[PDB]
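Chemist:
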Amino acid sequence: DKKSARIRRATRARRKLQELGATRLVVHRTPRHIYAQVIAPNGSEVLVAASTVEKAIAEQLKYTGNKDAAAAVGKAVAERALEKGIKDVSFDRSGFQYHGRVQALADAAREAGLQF
Amino acid sequence: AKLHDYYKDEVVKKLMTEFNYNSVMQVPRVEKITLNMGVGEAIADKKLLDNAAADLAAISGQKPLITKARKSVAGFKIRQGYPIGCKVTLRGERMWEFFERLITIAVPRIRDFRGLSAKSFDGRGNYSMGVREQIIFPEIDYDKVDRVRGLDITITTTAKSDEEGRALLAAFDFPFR
Amino acid sequence: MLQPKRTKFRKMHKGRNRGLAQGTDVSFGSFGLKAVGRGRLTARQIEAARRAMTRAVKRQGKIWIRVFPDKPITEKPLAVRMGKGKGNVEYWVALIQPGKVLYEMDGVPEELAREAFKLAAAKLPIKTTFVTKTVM
Amino acid sequence: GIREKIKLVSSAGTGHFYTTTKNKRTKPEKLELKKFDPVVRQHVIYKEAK
Amino acid sequence: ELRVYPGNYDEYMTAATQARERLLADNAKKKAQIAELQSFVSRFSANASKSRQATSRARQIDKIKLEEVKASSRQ
Amino acid sequence: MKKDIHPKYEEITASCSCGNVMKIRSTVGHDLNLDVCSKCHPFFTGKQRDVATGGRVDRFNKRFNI
Amino acid sequence: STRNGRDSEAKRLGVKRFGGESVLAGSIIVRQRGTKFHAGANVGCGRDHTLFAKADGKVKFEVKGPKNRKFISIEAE
RNA sequence: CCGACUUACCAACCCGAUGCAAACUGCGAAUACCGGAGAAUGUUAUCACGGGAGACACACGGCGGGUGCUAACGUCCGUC
RNA sequence: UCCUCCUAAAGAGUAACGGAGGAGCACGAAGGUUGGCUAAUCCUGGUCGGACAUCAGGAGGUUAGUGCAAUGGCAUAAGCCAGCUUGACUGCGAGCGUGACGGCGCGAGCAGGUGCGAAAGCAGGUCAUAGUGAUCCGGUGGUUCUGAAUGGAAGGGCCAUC
RNA sequence: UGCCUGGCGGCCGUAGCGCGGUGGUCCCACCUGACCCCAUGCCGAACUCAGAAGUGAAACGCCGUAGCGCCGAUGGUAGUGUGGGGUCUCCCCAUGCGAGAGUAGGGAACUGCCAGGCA
RNA sequence: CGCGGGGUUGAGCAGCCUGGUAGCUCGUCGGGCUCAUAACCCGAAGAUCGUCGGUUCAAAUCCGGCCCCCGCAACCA
Ligand SMILES: *C(=O)[C@H](CCSC)NC=O
Ligand SMILES: [Mg+2]
Ligand SMILES: [Mg+2]
Ligand SMILES: [Mg+2]
Ligand SMILES: [Mg+2]
Ligand SMILES: [Mg+2]
Ligand SMILES: [Mg+2]
Ligand SMILES: [Mg+2]
Ligand SMILES: [Mg+2]
Ligand SMILES: [Mg+2]
Ligand SMILES: [Mg+2]
Ligand SMILES: [Mg+2]
Ligand SMILES: [Mg+2]
Ligand SMILES: [Mg+2]
Ligand SMILES: [Mg+2]
Ligand SMILES: [Mg+2]
Ligand SMILES: [Mg+2]
């Protein structure tokens, strides 16, 4: 398939981020939206969420789903978390290739003080 | 693509009317063409495989992928990794171009033509055919080549059943019986 | 003579013949020979006791053999000292436990079947008994 | 047996050699590997020579 | 290897011939005497009371060590 | 595509023996004029004239001039 | 007959500390051949697939996983 | 020519039923073993170090086995 | 002499001239890392083509595969490709396992310098278990450690190694 | 608070497969196009990018259904620790533990953290 | 079911020796020589390199199993 194929591509980088017990930032990307959340080391409960589905992030956007949309939500995730005290996370590709808007999403959060 | 426009302007409405479909996307559509040939004789001479690759590169505007044997067999004395066949996959614009330049000119040119068989579907809407003569394509001029090596055309379509595949291909005036 | 073809291993351990039996019920036919004793029963006593009961019914009726030897037994030759390997396999036996159903037949009257098994029970080392088919 | 022993001498000028095996008939090529040189305490090139 | 002889060319040819054929004859003779001294060793190295007899000459069949020949580069 | 690993591909103008001018993008390097296309192929006209081989009983009656 | 009678010295495999045993750091917990017991939390895996403690605590065997595979962990107390 | 018909035959894989296995396991005990806690009882019965040894030909009986003929006051192991 | 299975009695160990098989290697990539992929066997269609070469669809699902014998293991793949590479690295090592000993094995982490990755990280050889012999006497390179009155030297010593 | 949807887990077939029906405002999926960021040992099929016309067909999610998968008692049976016995190459008695297969039956899941649309 | 040596044309033997060319002598067949048969001269035919698998681009040849033939052994008081 297509989703079960990608969801298998992420199980190694994910199952090492669980052995290390490190808070991870996981991204889900869609041809219309891009999501990102900061998940506790338990993997069950999430501290910070920010995505283009939100009105406060999307109403400032020409079209959610391009590279500059990912930057606009990458900025949002960091600024939302830096007040919470979460600074040191580890990036989670979640199966996607680190090349496109996922790359642009990561750098925008990296440039806003987030360490990873 | 003339055939693509003809499809999206006539064949869609014809097939929905003929089959009583609910969604415009329920209609069977051709999704890919595959041209291959397993030369077989490349065991004792590799250059024949390169000649076959040149033949297919001429026939279709792409570069053939040279496919090797999946497993060793002693019937024909081959091993794993031996390059045996060549294959070309066409999708979209080039697929439509090859479809048109086959069914409008190349099919008549075959010696002693009567009509392509209609019972040659795989029971799942796909089609297959062998040409038996590479010189029926205008890209080959009977002077460069050295053999009568043939090609396999494989029409892979979205059609649910062989009946729907037959209907879709007959919509394109396929030379059936 | 019954014997397996293409056995995985050439020789088998001795092993002990404990417990009761498994094929205790006549399922194919209607009349059967049920073992009451215990002990290995070779592949010759199977044939020699089958010849005697496919001829006591002339030739009419089916017969099922519900035992197969599939157990190699080795013997040391004469005037050979002990040691220096294991013996050479000679014959094959089917271990029988009390409760097994060895033979059975159908298509014959009860009195003829009951008499036919009396001719095969005299060729087998172990004590046998006559059992019919129930509906369980 | 067929695999013959060789040694990788250091190109830092110090006398310090790693030792390893090599199949002497594939093609005779001096191995070119960057390895640690504890005398100078830095990675250098170790051209093989017995 | 490189072997050095005196001469001009004919002395070299004669020395090479009368050394190479000498070697190819001596090695054949030694191999023949190995195949002959192997007679009792492979005939009766076992059974009965003799037994130990043939072990006496099992060491003079390996105190020979046939000299290996090398195929000439000339072909 | 993959940056000049395939043959050239340019538009050509091929015509039949009765005209029927068509534009097909192929890899020839020069146009060609050929026989009947699918439009003019006699696989729907001369079918009877194709399965017609045979006849000697009538060929004897013309010989029988008496 | 003959051509037999060959064996190899036993490798002393098996579990060395069972559930509830207080193990120190770096102490071998199991000596496997393959990976019959998978390394869970706070235990490692040597090149022999030998699981050893990484932090001193109490051993705990579990059967977590999508394929019901035995996992060895440590309750570091 | 295709096989155009047939055979009282053999029939691999699948489906239903029936057995066998030390080198088979989609199941699986009793015991034994390892660790923790708790009273009783045991002249420390436990461990470490130091002085002195002897011994390394074992036998039968019970239970689990290999070999043998589920022969031997036979032979080789485990535990009492 | 060494490796794998059973006998071995559900911890470890356990014998016989008991039952079955293997080793004295291989690899400068067949190792490191990053990215990606998933098998055997069958059905229906297809020029030569055939009982099985090559192509397309379906069922199946690891019955495939693992440099090498067997057992255990492997989808997060330990299996199959490609990019860059030398961690097949030097000094150490808490703590364990197994041996009467000689010994053998697992090892988080520390220091110095690297490789891949954007990064968290991984890397002190290969899915693991065989592929091997102590001491003596010598050979080669390095090192003022010693240098039979003194300065050298010969010879020893230490490290690497045959 | 309810309904639907997306991500991340717990849990691992009572949790999966099959068959029938059903959902597009948001979400998701297909989808349009591809010069370009990137790509195929051929192919934008897959990965990627710029997008939003169209559909809910395929996939996905939900509901229903026992045809399979799966879970599975009670009773009996086998085995076995200790202590006795026999006609002792195998069983019996006291006592403790007590399966496997099979039967009646259960069964087409449960749950937590955030973020949306609707009420 | 223990040990060594062989299997190539009709007969007896090379070619295994580091895989890249199926050979020799008698024999057979068809002509010629002769009154005729031999001898002689001319030309030609055949063999899955015992059968089965494996590295090999490639095998009579290298490796392994199977079958057949030829010898030997299976002890002493
Ligand atoms: C063998 O037994 C005999 C000796 C008998 S003496 C009592 N022969 C010896 O050579
Ligand atoms: Mg002694
Ligand atoms: Mg003793
Ligand atoms: Mg003893
Ligand atoms: Mg008892
Ligand atoms: Mg005794
Ligand atoms: Mg044990
Ligand atoms: Mg035990
Ligand atoms: Mg002992
Ligand atoms: Mg490997
Ligand atoms: Mg990977
Ligand atoms: Mg690897
Ligand atoms: Mg290995
Ligand atoms: Mg001095
Ligand atoms: Mg002096
Ligand atoms: Mg010195
Ligand atoms: Mg049950």
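Residue numbers (our numbering), protein chains in the order written: chain G, 1 to 116; chain Z, 117 to 293; chain P, 294 to 429; chain V, 430 to 479; chain R, 480 to 554; chain B, 555 to 620; chain S, 621 to 697. Beta carbons: idealized from backbone N, C-alpha and C, even for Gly.
If the criterion is Cβ atoms closer than 8 Å, does the pair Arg186 of chain Z and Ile578 of chain B meet it?
Modeler: Your numbering for residue 186 of chain Z matches position 70 in the second sequence. Your numbering for residue 578 of chain B matches position 24 in the sixth sequence. Pairing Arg186 of chain Z with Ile578 of chain B gives a Cβ-Cβ distance that is not under 8 Å.
Chemist: Answer yes or no: does any C-beta atom of chain S fall closer than 8 Å to that of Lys369 of chain P?
Modeler: Taking the first residue of the third sequence as 1, we reach residue 369 of chain P at position 76. Not an interface residue.
Chemist: Answer yes or no: does any C-beta atom of chain S fall closer than 8 Å to that of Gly378 of chain P?
Modeler: By 1-based counting over the third sequence, the position of residue 378 of chain P is 85. For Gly378 of chain P, the answer is yes, since a Cβ of chain S falls inside 8 Å of its Cβ.
Chemist: Please go through the same chain and pick out, in chain order, the residues whose beta-carbon is closer than 8 Å to the beta-carbon of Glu383 of chain P, but skip the five residues on each side of it.
Modeler: In the third sequence, residue 383 of chain P corresponds to position 90, counting from 1. Here the set comprises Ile366, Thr367, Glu368.
Chemist: Kindly indicate if chain Z contains any beta-carbon less than 8 Å away from that of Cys591 of chain B.
Modeler: Taking the first residue of the sixth sequence as 1, we reach residue 591 of chain B at position 37. Chain Z contact via Cβ: present.
Chemist: With distance defined between alpha-carbon atoms, name the residue in S:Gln652, S:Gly685, S:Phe691 nearest to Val679 of chain S.
Modeler: To locate residue 679 of chain S, count along the seventh sequence from 1; it is residue 59. Considering only S:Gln652, S:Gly685, S:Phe691, the residue with the shortest C-alpha distance to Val679 of chain S is S:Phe691.
Chemist: Strictly under 8 Å for the Cβ-Cβ distance: is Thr220 of chain Z near chain B by that measure?
Modeler: Taking the second sequence and counting its residues from 1, one reaches residue 220 of chain Z at position 104. Judged by the 8 Å Cβ criterion, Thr220 of chain Z is in contact with chain B.
Chemist: Would you please verify whether the beta carbon of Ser621 of chain S is less than 8 Å from any beta carbon of chain P?
Modeler: On the seventh sequence, position 1 is the one that residue 621 of chain S refers to. Interface annotation, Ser621 of chain S: in contact with chain P, CB-CB separation under 8 Å.
Chemist: Contact between the region 232 to 242 of chain Z and the region 182 to 197 of chain Z: three or more CB pairs below 8 Å?
Modeler: no
Chemist: Sorted by chain position, which residues of the same chain lie with C-beta nearer than 8 Å to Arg482 of chain R's C-beta, five sequence neighbours on each side aside?
Modeler: Taking the first residue of the fifth sequence as position 1, residue 482 of chain R is located at position 3. Answer for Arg482 of chain R: no residue qualifies.
Chemist: Report, in whole angstroms, the separation of the C-beta atoms of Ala286 of chain Z and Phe292 of chain Z, which I expect to be a contact under 8 Å.
Modeler: Here residue 286 of chain Z is taken as the residue at index 170 of the second sequence, counted from 1. Here residue 292 of chain Z is taken as the residue at index 176 of the second sequence, counted from 1. That pair is a contact at about 6 Å.
Chemist: Give me the residue from S:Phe681, S:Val683, S:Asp676 with the minimum Cα distance to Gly646 of chain S.
Modeler: The residue given as residue 646 of chain S occupies position 26 in the seventh sequence. Considering only alpha carbons, the answer is S:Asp676.
Chemist: Could you tell me whether the Cβ atoms of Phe597 of chain B and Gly231 of chain Z are closer together than 8 Å?
Modeler: Along the sixth sequence, read from residue 1 onward, the residue named residue 597 of chain B stands at position 43. Along the second sequence, read from residue 1 onward, the residue named residue 231 of chain Z stands at position 115. Result yes, Cβ atoms of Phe597 of chain B and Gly231 of chain Z sit closer than 8 Å.
Chemist: Whole angstroms are fine: how far does the CA of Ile513 of chain R sit from the CA of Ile540 of chain R?
Modeler: In the fifth sequence, the residue the question calls residue 540 of chain R occupies position 61. In the fifth sequence, the residue the question calls residue 513 of chain R occupies position 34. If you take the alpha carbons of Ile540 of chain R and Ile513 of chain R, they lie about 6 Å apart.
Chemist: With 8 Å as the threshold, decide whether the Cβ of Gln178 of chain Z is near any Cβ in chain B.
Modeler: As a working note, residue 178 of chain Z is residue 62 in the second sequence. With 8 Å as the cut-off, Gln178 of chain Z counts as an interface residue toward chain B.
Chemist: Give the residues of chain B in contact with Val223 of chain Z, contact being defined as C-beta atoms less than 7 Å apart.
Modeler: Along the second sequence, read from residue 1 onward, the residue named residue 223 of chain Z stands at position 107. When 7 Å is used as the limit between beta carbons, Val223 of chain Z is near these residues of chain B: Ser592, in chain order.
Chemist: When you compare each of P:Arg352, P:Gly354, P:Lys327, P:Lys379 to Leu395 of chain P by their alpha carbons, which one comes out closest?
Modeler: On the third sequence, residue 395 of chain P is found 102 positions in, with the first residue counted as 1. Closest option to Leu395 of chain P, Cα to Cα, is P:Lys327.
Chemist: Can the beta-carbon of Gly316 of chain P be found less than 8 Å from the beta-carbon of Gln353 of chain P?
Modeler: Numbered from 1 along the third sequence, position 23 holds the residue referred to as residue 316 of chain P. Numbered from 1 along the third sequence, position 60 holds the residue referred to as residue 353 of chain P. 8 Å or more divides the Cβ of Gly316 of chain P from the Cβ of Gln353 of chain P.
Chemist: Starting from the C-beta of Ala414 of chain P, find all residues in its chain whose C-beta is less than 6 Å away, skip the five residues before and the five after it, and write them out in chain order.
Modeler: The count along the third sequence starts at 1 and reaches residue 414 of chain P at position 121. Answer for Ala414 of chain P: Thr421, listed in chain order.
Chemist: For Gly208 of chain Z and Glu147 of chain Z, I'd like the C-alpha separation in whole angstroms.
Modeler: Here residue 208 of chain Z refers to the residue found at position 92 of the second sequence. Here residue 147 of chain Z refers to the residue found at position 31 of the second sequence. Going by the C-alpha atoms only, they are around 8 Å apart.
Chemist: Taking 8 Å as the CB-CB cut-off, is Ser580 of chain B touching chain Z?
Modeler: Sequence index remark: in the sixth sequence, residue 580 of chain B carries index 26 (1-based). Output row for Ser580 of chain B: interface = yes.
Chemist: Just to confirm the assignment, what range does the beta strand (DSSP E) spanning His472 of chain V have?
Modeler: Taking the first residue of the fourth sequence as 1, we reach residue 472 of chain V at position 43. Counting along the chain, the beta strand (DSSP E) containing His472 of chain V begins and ends at 471 to 476.
Chemist: Can you tell which of B:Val582, B:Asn574, B:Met576 has its C-alpha closest to the C-alpha of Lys562 of chain B?
Modeler: To locate residue 562 of chain B, count along the sixth sequence from 1; it is residue 8. Looking at the Cα atoms, B:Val582 is the closest of the given residues.
Chemist: Closer than 8 Å by beta-carbon distance: list the chain Z residues that pair up with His584 of chain B, in chain order.
Modeler: Stepping through the sixth sequence from its first residue, residue 584 of chain B is reached at position 30. Those within 8 Å of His584 of chain B in chain Z number zero; the least Cβ separation is about 10 Å.
Chemist: Kindly give me the distance between the Cβ atoms of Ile7 of chain G and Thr23 of chain G, rounded to whole angstroms, as I take these residues to be in contact under 8 Å.
Modeler: One-based indexing of the first sequence puts residue 7 of chain G at position 7. One-based indexing of the first sequence puts residue 23 of chain G at position 23. Between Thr23 of chain G and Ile7 of chain G the Cβ distance is about 21 Å, and since that is not below 8 Å, they are no contact.
Chemist: Between the region 629 to 636 of chain S and the region 650 to 658 of chain S, do three or more beta carbon pairs fall short of 8 Å?
Modeler: yes
Chemist: Just the C-alpha distance for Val77 of chain G and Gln37 of chain G, rounded to the nearest angstrom, thanks.
Modeler: The count along the first sequence starts at 1 and reaches residue 77 of chain G at position 77. The count along the first sequence starts at 1 and reaches residue 37 of chain G at position 37. Using only the alpha carbons, I get a separation of about 7 Å.
Chemist: Can you give me the C-alpha to C-alpha distance between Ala336 of chain P and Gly625 of chain S, rounded to a whole angstrom?
Modeler: Counting from 1 along the third sequence, the entry for residue 336 of chain P is found at position 43. Counting from 1 along the seventh sequence, the entry for residue 625 of chain S is found at position 5. Straight-line Cα distance between these residues: approximately 31 Å.
Chemist: Which ranges would you report for the beta strand (DSSP E) in the region 314 to 347 of chain P if only whole runs of at least 3 residues count?
Modeler: 324 to 328, 332 to 335
Chemist: Could you give the uninterrupted runs of the alpha helix (DSSP H) lying entirely in the region 153 to 188 of chain Z, keeping only those of 4 residues or more?
Modeler: Taking only runs of at least 4 residues, the alpha helix (DSSP H) segments lying wholly in the region 153 to 188 of chain Z are 163 to 175.
Chemist: I want to verify the contact list: residues of chain Z whose CB lies under 9 Å from the CB of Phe597 of chain B, in sequence order.
Modeler: Along the sixth sequence, read from residue 1 onward, the residue named residue 597 of chain B stands at position 43. Those within 9 Å of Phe597 of chain B in chain Z are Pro224, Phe229, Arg230, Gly231, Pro291.
Chemist: For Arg248 of chain Z, return the contacting residues in chain B, with the cut-off set at a CB-CB distance below 8 Å.
Modeler: Counted from its first residue, the second sequence places residue 248 of chain Z at position 132. Ordered by position in chain B, no residue passes the 8 Å Cβ test against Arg248 of chain Z, which lies about 17 Å from the chain.
Chemist: Rounded to whole angstroms, what is the Cα-Cα separation between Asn136 of chain Z and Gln142 of chain Z?
Modeler: Walking along the second sequence from the start, residue 136 of chain Z turns up at place 20. Walking along the second sequence from the start, residue 142 of chain Z turns up at place 26. When rounded, the distance between both Cα atoms is 10 Å.
Chemist: Does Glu695 of chain S pass the burial test, meaning 16 or more other C-beta atoms within 10 Å, or should it be called exposed?
Modeler: For the purposes of this step, residue 695 of chain S is taken as residue 75 along the seventh sequence, with counting starting at 1. Flag for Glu695 of chain S reads exposed.
Chemist: Which residues, in order along the region 158 to 179 of chain Z, keep a beta-carbon less than 8 Å from a beta-carbon of chain B?
Modeler: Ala173, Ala174, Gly177, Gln178, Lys179
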